């Protein structure tokens, strides 16, 4: 994931229903400690018998069949951004939520004291903001961190609103220890769906919470 060029970023002013991104990062994520699959639809996904305000079943599509059957029986911890429209879990029964990735083994991945990760925000080429992110997982998913980053920026800097955004472009760059860095565009294509957008989390990319960095790049309208 080699850095993005200005022309490579999505413009927020070009999104008709950007508030459907807002909802995702403005509200609570779906989190579950030590649970194990219960069912499955496609070969690359796992279904859990967990509940939340709007669901009694959770489906998580993973990277591939391999990763799916890899976590199939293990006791995982779940942390993701769920969506409801177009969330086919079965044929009939509903009240199910869907996400991508957000899975990690629960046993021996927790920390005594939460690990704080510094998030260095740069607005208009000027890194003028820094705030902390916290996690208690040794190996955390980029998704978990990405969410925490956006939940903060939305609440404090109005990254997203139920409508337009004050920023035109934006992205988060993950800088792992001895591995290639990568990033996620904060905005979607002019026409999108939560499900199609959230595929950035499907590869279930995990990071060493102790040796990973986070940089955020924003430009105002």
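Numbering follows the first chain given and starts at 1.
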item: Stretch with the greater mean C-alpha B-factor as recorded in the entry, comparing 57-65 against 158-166; value: 57-65
item: Residue stretch of maximal mean CA temperature factor, 113-121 vs 140-148; value: 113-121
item: Residue 17, C-alpha B-factor rank within chain (lowest, middle or highest third); value: lowest
item: Where the record places residue 181 (Cα B-factor, split into thirds across the chain); value: middle
item: Third of the chain's Cα B-factor distribution that residue 43 belongs to, per the entry; value: highest
item: Where the record places residue 33 (Cα B-factor, split into thirds across the chain); value: highest
item: Third of the chain's Cα B-factor distribution that residue 86 belongs to, per the entry; value: middle
